[PDB]
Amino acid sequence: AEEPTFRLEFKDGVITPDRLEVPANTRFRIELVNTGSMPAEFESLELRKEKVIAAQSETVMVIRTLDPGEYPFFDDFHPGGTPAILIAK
């Protein structure tokens, strides 16, 4: 594996970890693991990125590149859940 790979757990709107530092200007992967009972949707407004993860399932999201900066994200299917963030640096 020559690509950095991170992991986020989604569980009924709670995202862990809620803060993820990632490299900027770099292609990388995030394993999105939904351990809850409802489908989840990774969504970031700024990045225009949305990815569904069915309950009790996993999918691996590819981020092609991020300019340095901070990118809030959340489970769009569970409003009021964790406001998480990617910190690209």
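The first residue of the sequence shown is number 1, and the count goes up from there.
Of the two segments, 45-53 and 31-39, the one listed with the higher mean B-factor is 45-53 (C-alpha atoms only). In the deposited entry, the Cα temperature factor of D75 places it in the lowest third of its chain's modelled residues. Residue-level temperature factors show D12 in the highest third of its chain, judged at the C-alpha atom. When the CA B factors of the chain's modelled residues are split into thirds, the value for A1 lands in the highest one.
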